[PDB]
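As structure tokens, the structure follows; a few thoughts come after it.
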Amino acid sequence: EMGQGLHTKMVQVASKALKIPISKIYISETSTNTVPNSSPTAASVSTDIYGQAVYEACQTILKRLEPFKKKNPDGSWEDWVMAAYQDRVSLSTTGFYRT
Amino acid sequence: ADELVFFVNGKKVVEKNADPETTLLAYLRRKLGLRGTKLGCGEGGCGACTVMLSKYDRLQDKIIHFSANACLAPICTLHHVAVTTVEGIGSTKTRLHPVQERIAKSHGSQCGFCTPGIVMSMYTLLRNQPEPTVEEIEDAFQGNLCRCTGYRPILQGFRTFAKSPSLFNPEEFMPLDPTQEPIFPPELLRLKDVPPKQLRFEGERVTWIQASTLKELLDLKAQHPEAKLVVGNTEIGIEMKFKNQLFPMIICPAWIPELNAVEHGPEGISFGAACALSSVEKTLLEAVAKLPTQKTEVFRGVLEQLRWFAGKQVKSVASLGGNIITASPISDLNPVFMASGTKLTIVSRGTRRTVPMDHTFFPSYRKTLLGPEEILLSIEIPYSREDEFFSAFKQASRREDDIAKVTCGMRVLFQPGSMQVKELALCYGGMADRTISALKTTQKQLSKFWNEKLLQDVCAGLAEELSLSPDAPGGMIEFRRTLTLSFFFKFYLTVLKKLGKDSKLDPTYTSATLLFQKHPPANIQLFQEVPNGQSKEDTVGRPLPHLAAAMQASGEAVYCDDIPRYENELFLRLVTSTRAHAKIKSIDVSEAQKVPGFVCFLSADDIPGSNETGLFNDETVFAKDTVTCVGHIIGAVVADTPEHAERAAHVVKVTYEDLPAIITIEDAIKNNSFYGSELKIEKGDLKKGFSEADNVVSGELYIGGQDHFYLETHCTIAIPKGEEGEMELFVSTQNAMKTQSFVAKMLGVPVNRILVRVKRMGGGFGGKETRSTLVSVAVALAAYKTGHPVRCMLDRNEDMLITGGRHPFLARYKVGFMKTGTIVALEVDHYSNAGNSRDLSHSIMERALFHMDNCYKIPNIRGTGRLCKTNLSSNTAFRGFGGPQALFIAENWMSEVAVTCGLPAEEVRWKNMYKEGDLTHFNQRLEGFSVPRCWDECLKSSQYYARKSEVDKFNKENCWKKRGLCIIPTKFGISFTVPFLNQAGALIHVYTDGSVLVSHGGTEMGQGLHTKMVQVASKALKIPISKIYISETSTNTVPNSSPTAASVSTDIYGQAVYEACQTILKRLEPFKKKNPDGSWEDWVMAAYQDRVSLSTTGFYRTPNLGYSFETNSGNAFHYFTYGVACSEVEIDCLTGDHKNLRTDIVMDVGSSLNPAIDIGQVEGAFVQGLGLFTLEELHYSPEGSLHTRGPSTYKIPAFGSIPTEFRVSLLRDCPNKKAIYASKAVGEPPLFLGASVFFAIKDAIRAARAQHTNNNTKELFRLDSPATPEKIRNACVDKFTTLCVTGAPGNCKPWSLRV
Amino acid sequence: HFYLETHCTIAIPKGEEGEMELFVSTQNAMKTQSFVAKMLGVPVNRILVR
Amino acid sequence: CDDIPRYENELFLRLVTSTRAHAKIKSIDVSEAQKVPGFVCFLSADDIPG
Ligand SMILES: Cc1cc2nc3c(=O)[nH]c(=O)nc-3n(C[C@H](O)[C@H](O)[C@H](O)COP(=O)(O)OP(=O)(O)OC[C@H]3O[C@@H](n4cnc5c(N)ncnc54)[C@H](O)[C@@H]3O)c2cc1C
Ligand SMILES: Nc1nc2c(c(=O)[nH]1)N[C@H]1C(S)=C(S)[C@@H](COP(=O)(O)O)O[C@H]1N2
Ligand SMILES: CC(C)(C)COc1ccc(-n2cc(C(=O)O)cn2)cc1C#N
Ligand code: MOS
Ligand code: MOS
Ligand code: FES
Ligand code: FES
Ligand SMILES: [Ca+2]
Ligand SMILES: [Ca+2]
């Protein structure tokens, strides 16, 4: 983030893909021990590429949660997440994109 | 005066404003940035703060080197002294010193927190003696404690300095070359030619005067009689730090030549009052070697005591005058000086006098007959005369560095060439509020002869004269009275022997006159070599040393408090309850606010989110309205320095209104105070089982608790960012996930705002599985409220009081069996003391019930469990998690079954043992049950049967010493009792240079988890470990991690890492095929160039788990880890002390991923178990206040506590298809094997009772854990225990008695 | 460029295995990481850029 | 970046740069710099380990 609002846009994207309020999503920083071998933030394509990587990661999360959603349709995002955790389903994933 | 000048690692330090209260440890860590030296207790008993001191000794015209505890050394005593710390002898950045290389390569370092201190103790020895003997090496560590290793590897590695594959190769060790050691600072050698001058140092509250001459000292004392003298500061330091004392003016007379002079006169040897105990010891040793035996009786007595006096660090700084004048009731020297009439030369300005020490020198508690203006100048220890004999004995809880329970000096002078008493002096410590003489008793023997009648008369006299009220401080009334008589008996027999000329005494009584004698050590480790064709780069199965061992030996390894503080970082001190149960009527901070640097007092009302915390929302972050245990956290003080925070907190005034309290398990049962309902496992037909039984035995058993005593106490640093409630914390914890959620809950912010980072812990053992949050959440609140980073590291006494420990257990059992020894029925009701919150107590009781069978098949069985809710700090997880307690109870009744049946214990155990395929009491099938193999191999390698004969023979030839032998098996169910916690995640990144960064949910606490994970990743990826790295554990790399516990970390994280590696290999495949002859680096860059992600997660879930106590069905565990241990001991039937002669262990860890680490886990766990069952004991007042809050009173195993012959073998060819690379969890399983020592002891006790107690070969006497010297001695009932009695002795016989 | 905030770096040496953690005002954490590792002569996995 | 608090032992660096467009460095003298209070050290090419 250098003022262009990249993190803001990524939160907006993650919120739309996950179908939950932005209030439940947060981006703290950029670090080499979380996402390695990153290209420099430049060429105006950050929203383009990271937005896609965030989208994919979000899709993987939704897939892992689906069984629990279908199992409890009227529940909340919180219920599904806790159910998945207790059913020992990973709630962590990577996302990647290539133009 | 003002300027303090000294050197640290060759570098000159000029302190223009030295504060007398500043210790060397604080100065090193906070002012010089040398954090290699650690704080482990602050009371001189752990040696974690050990450093070396060097100085030019004018009286000897020589450079002397000695060790010292930096936590008790005032920097003001160091003018012109050269300090050497761990960083001063070597490092991984430059080159490791041989001492550091050997402890690292020999696997003598696990968590590493004690390593620098032990490194410096060894280093100091070598600077004094480059070629030490094995005995000198062991003795160098009388003052160093290690909780992880079991000590064996440290001693075995250092033993190379003296004069099946192997865990290490001595041949690769760099030789020691003293010519390459750092030189003594040239500048200091110049200053030696400059006559000393009086110095004055001014601190915040204290004024220190370093007196240079005797005249100055005397003038100062005349002008300031109240001024406290300080030499070693091993008493004053304790008084200032722990006793809320403050001495505004101190005078250090250490430099004065008359106070350091040694003179050999016609009547004895004189020592200046400032002489260190180590100097006295050296001088006396030389005297004993040069003078006739008949003249060194007293010297010999002094040496015997000095042998068990603290450790090398304390003895090298502790002065003679300090011990005599402190006049503590338990001084080990005053009884000797008093009994021998040691001459004391006392002086003041214008006056001089010499008086022999007698019973009058100590008027009352902590007082001597010195005038306020007088000082002790010198002491003359007398030569013994003809017909004069002396003895000195000491008995405590642990042999090394312990406080005397009873200590004595005894002298007898006979008429020329006769056995007729002319003079008799029996002086004791630990039997009153001062050193005393049994005058009334001894006076009656003058002119009497040394015979049986005298022995009887003296014992009855002592029993009457040295009485103790039931409320005597320190308790153990029966044990102490028995020691007073027992010591005399030993003296009596010793004198008969000495009178016997020799230049008779019943042969079976001789050993009673022998002083403790060390036996040569012998260690053997057997393990399996890896397959002949295995690549050198594949380290799985190899004894690869802990990856951080070298940095831990060099003091470069960073632990929480070692992290530098921000310039605006504040300190937090917890304010805790002093009442067990009461209402908080009011809190006054008026006084605290006056302390300099005070920032604020925080309490429940300051919490922005919720004050409800704990695993079961059972607790408060800060007490509200009421306190429920001594130590209950009420609030916290934040200040600019740790000292100011402590002083301010100490003056916070809380007004209470006591409420009825429930402390003990007995109290809880009586008041029906439990957490939840009864837990129970029942199988078979009990009613029927007891009906078929030939014999039935029922009883009660108790096992005391245990303090984790991780060398590094709890610690947290909280950094508030000031944005969106963000906070980053550095914490010494095994549970980053709960730390994160608990902090977020208290703050009232989303969990995604909190980052918890764990580098490593200097020990955890379960004590950091949950209780670390008590500090973390408090520190987080302080950071939130102030907006400043804040930190808090607990002092040992705070830690032991507040954080909880192992659960004490009370058991009521009833077992039915056949004359053959076969068990047919068993009922066991368990009760644990859980404390003021649930925490992990329920799961712990679950695991206990899961192991009430140990390795025996019981057709009909019923086990219940209840958690007692009491007003004591909440107890938690401790290596074993309830298993050790249940296993101990099991073995106890199993030992009673054998005795009752009159059959060999091992025979009875073997026939009741499970067999391959059997189902446990909770109905899980036992597949790959290896106990039989471990059992047979152990019996064989330990030569059990042959030694069983040696033991019997020894017992026939010895009346006051007995030996015991016992072989015990064990099985431990592997997996968290909570099914969903058996999950693990990993995150792996491969950078463009090919280097790999691995991250996983597990934390390092010294068990070598990261090392094993690196070994795993290296094998899976087929690349050298040199290209893989694990930096830390963090909640933003791997989320929702289970705590590093249940011994399954290697199992689950190994699988998660393995999976992540497979994904990486899959992605690199295309490029490997395109360029087959390329390097790992080539393929990685090609992948990157082709835009293939080199980052991935890994995850694992332990399959088919889920037991139910309702239906007694479902798999509780994934598999079991097994082992067997045989231990032999020797007990002193007269004192309670004992030797761990030999232990042989056969453990099944499947195909070990790293035999060095696993053997280390076996030895380490075994020693902690040994501690639990035989040495460690926590004492509480009736009102629930913990008495034992430091190493001085809580005795964990010491270097000298381990079995002299220590053999460990890893079962060969026993792969475990249930875990990563066929390995097995090893963390907790071996701990219970420590019970083999407990039962060997009970075996020895039975031999002693058969000798002097009853004749009933089937008698079943109760022996609770821990089997301490008190319990061992009291159990050895004899004419001495009988004379002392305890309640209504020969004193009160009832008027009538039913016929 | 005249970015209101000029170039800035904070480097924290850990003292273990060449480890270093840096807080940097940069659009290129990757090159910052490799360049620092290259200068120091340590593997890239030892350097953390935030 | 600079708003991040400094550690109590945190030091400060100031770059020493060329005042010439193209030239040979004949010699560097820090004798005067060493006199400034708080001076810790001057770093140059030879100090680079990698
Ligand atoms: C870990 C540890 C283990 C210990 N173990 C033992 C033990 O096993 N047995 C035992 O008996 N003690 C033990 N101690 C107590 C202590 O080490 C001894 O009492 C020691 O000799 C104290 O001497 P010091 O020089 O450090 O005294 P300091 O603390 O420097 O002084 C003690 C007192 O003596 C006075 N004093 C000193 N010199 C003179 C003098 N010349 N004239 C008049 N007054 C003087 C002081 O004013 C002060 O009251 C232990 C202490 C620690 C910290
Ligand atoms: N040196 C050391 N070893 C240790 C500990 C420790 O704190 N220090 N904790 C123990 C406990 S209580 C457990 S549950 C495990 C955790 O490790 P693991 O699952 O990786 O084997 O190691 C054991 N071994
Ligand atoms: C209800 C809730 C999940 C909070 C309980 O939390 C726990 C319950 C049991 C255990 N635990 C089972 C073993 C063992 O079986 O060895 C060791 N630890 C850990 C936690 C944690 N954190
Ligand atoms: O690509 Mo923009 O950083 S010129
Ligand atoms: O599971 Mo260990 O932390 S008692
Ligand atoms: S911290 Fe100094 S002896 Fe423990
Ligand atoms: S290695 Fe010694 S206490 Fe941990
Ligand atoms: Ca604890
Ligand atoms: Ca509890």
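As shown in the structure tokens, the chain order sets the letters A, B, ...; within each chain, residues go from 1, and ligands are also counted from 1 in the order they appear.
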
- Taking only C-alpha atoms into account, what are the residues of chain D at most 9 Å from chain B, put as a list in words?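 My answer is residues 4, 5, 6, 7, 8, 9 and 10 of chain D.
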
**Request:** Please extract the residues at most 7 Å from ligand 5, counting only C-alpha atoms and all ligand atoms, and provide them as number ranges by chain, using the chain letters and residue numbers of this document.
**Result:** B: 764-767, 769, 877-881, 1044-1047

Next item on the list: Using only C-alpha atoms, find the residues of chain C whose closest atom to chain B is at most 7 Å away, then write them as a PyMOL selection string.
Entry: chain C and resi 15-16+43-45

Those same residues, written as a PDB file, in the first residue's frame with C-alpha atoms?
```
ATOM      1  CA  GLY C  15      22.009 -12.453  16.279  1.00  0.00           C
ATOM      2  CA  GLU C  16      20.915 -15.959  15.259  1.00  0.00           C
ATOM      3  CA  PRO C  43      20.369 -17.559   2.356  1.00  0.00           C
ATOM      4  CA  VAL C  44      17.236 -15.599   1.455  1.00  0.00           C
ATOM      5  CA  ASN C  45      15.176 -17.559   4.006  1.00  0.00           C
TER       6      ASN C  45
END
```

Would you mind listing, as a list in words, all residues of chain A that have at least one atom within 9 Å of chain B, where only C-alpha atoms are what counts?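 Only these qualify: residues 24, 25, 26, 27, 28, 33, 34, 35, 36, 37, 85, 86, 87, 88, 89, 90, 91, 92, 93, 94, 96, 97 and 98 of chain A.
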
| Long-range neighbours of stretch 16-18 of chain A as a ChimeraX atom specification, 10 Å cut-off, only C-alpha atoms, 5 positions minimum in chain | /A:10-11,25,54-59,61-62,77

- Message: Give me, as a count of residues only, the residues of chain A that a backbone DSSP run labels alpha helix (DSSP H).
- Response: 49

Query raised in the report: Could you list, as number ranges by chain, all the residues within 8 Å of ligand 9, counting only C-alpha atoms and all ligand atoms?
Result: B: 804, 833-841, 873-876

Can you write just those residues out, C-alpha atoms, as a compact mmCIF listing (two decimals), in the first residue's frame?
```txt
# COMPACT_ATOMS: atom_id res chain seq x y z
CA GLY B 804 -0.37 -23.76 38.80
CA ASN B 833 -7.16 -30.97 43.48
CA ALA B 834 -8.06 -28.73 40.53
CA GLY B 835 -7.72 -25.26 42.04
CA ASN B 836 -9.91 -22.20 41.44
CA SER B 837 -10.83 -22.91 37.81
CA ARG B 838 -11.46 -25.82 35.47
CA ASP B 839 -8.72 -25.20 32.91
CA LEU B 840 -7.45 -28.59 31.70
CA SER B 841 -8.55 -30.52 34.79
CA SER B 873 -4.20 -21.55 42.13
CA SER B 874 -5.67 -23.51 39.23
CA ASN B 875 -3.65 -26.62 38.46
CA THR B 876 -2.94 -27.45 34.84
```

Against ligand 4, which residues of chain C fall within 12 Å? For each one I want the closest pair of atoms and the distance in Å (one decimal), counting only C-alpha atoms and all ligand atoms, rows by chain and increasing residue number, as CSV.
```
residue,atom,partner,partner_atom_place_in_ligand_line,distance
C:1,CA,ligand 4,4 (S),9.6
C:26,CA,ligand 4,3 (O),10.0
C:27,CA,ligand 4,3 (O),7.2
C:28,CA,ligand 4,3 (O),9.2
```

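Between atom CA of residue B:311 and atom 4 (Fe, counted along the ligand's line) of ligand 6 the separation is 11.7 Å.
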
Correct to one decimal, the distance atom CA of residue B:55-atom CA of residue B:160 is 28.6 Å

Write out as a PyMOL selection string each polymer residue (protein, DNA or RNA) that has an atom no more than 6 Å from ligand 1, with only C-alpha atoms and all ligand atoms counted.
chain B and resi 43-45+228-236+273+309-310+314+318-323+325-326+331-333+375-377+401-403

Do a neighbour search on residue C:30 at 7 Å with only C-alpha atoms, toss out local chain neighbours closer than 3 positions, and write the hits as a PyMOL selection string. (chain A and resi 32+37-39) or (chain C and resi 33-34)

What would the file look like if the residues just selected were written as an mmCIF file, in the first residue's frame with C-alpha atoms?
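Contents of again.cif, freshly written:
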```cif
data_model
loop_
_atom_site.group_PDB
_atom_site.id
_atom_site.type_symbol
_atom_site.label_atom_id
_atom_site.label_comp_id
_atom_site.auth_asym_id
_atom_site.auth_seq_id
_atom_site.Cartn_x
_atom_site.Cartn_y
_atom_site.Cartn_z
ATOM 1 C CA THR A 32 8.015 -11.963 2.750
ATOM 2 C CA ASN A 37 8.685 -14.143 -4.517
ATOM 3 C CA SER A 38 6.296 -11.251 -5.103
ATOM 4 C CA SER A 39 6.786 -8.911 -8.051
ATOM 5 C CA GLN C 33 15.065 -9.276 0.774
ATOM 6 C CA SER C 34 17.382 -10.861 -1.818
#
```
